[PDB]
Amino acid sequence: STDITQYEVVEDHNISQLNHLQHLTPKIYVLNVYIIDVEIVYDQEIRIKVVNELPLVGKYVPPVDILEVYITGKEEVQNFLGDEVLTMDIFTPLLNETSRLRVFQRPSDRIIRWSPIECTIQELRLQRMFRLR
């Protein structure tokens, strides 16, 4: 429910830099990032926190280094799941490993939220298989 067909695809990935972008850009950013937290709100929303690197020993990750990626609305959630039931368990294999996501700024409600494109649980599972082989 947003036209992103015009958008140019870029490989910029500094998450700290992405979190500072004040204006809606017409770009899709390809990220290879670690999923470190997933939160589910009923069957209405999935929030995925990602970072470029897992923190080193005795280190912490500040909020600016975390991109919060939202899959929002019944339709987007169902597209993400396909023929799969929404439970926390489906996210377990993805935690603290890298996945490739393609994200864009979705405007709401004046807060910018980052959202993924053509992201599905089946596709993330496939990425894991490639990684593990």
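Start at 1 and count along the sequence shown; that's the residue number.
The entry shows a gap from residue 108 to residue 109, with 1 to 3 unmodelled residues of the deposited sequence in between. Taking only CA atoms, the mean B-factor in the PDB entry is higher for 13 to 21 than for the other of 114 to 122 and 13 to 21. In this entry, 82 to 90 shows the higher mean Cα temperature factor of the pair 47 to 55 and 82 to 90.
Based on the entry's C-alpha B-factors, the most elevated value among 69, 41, 33, 61 belongs to 41. In this PDB entry, the Cα temperature factor of residue 27 sits in the middle third of its chain's modelled residues.
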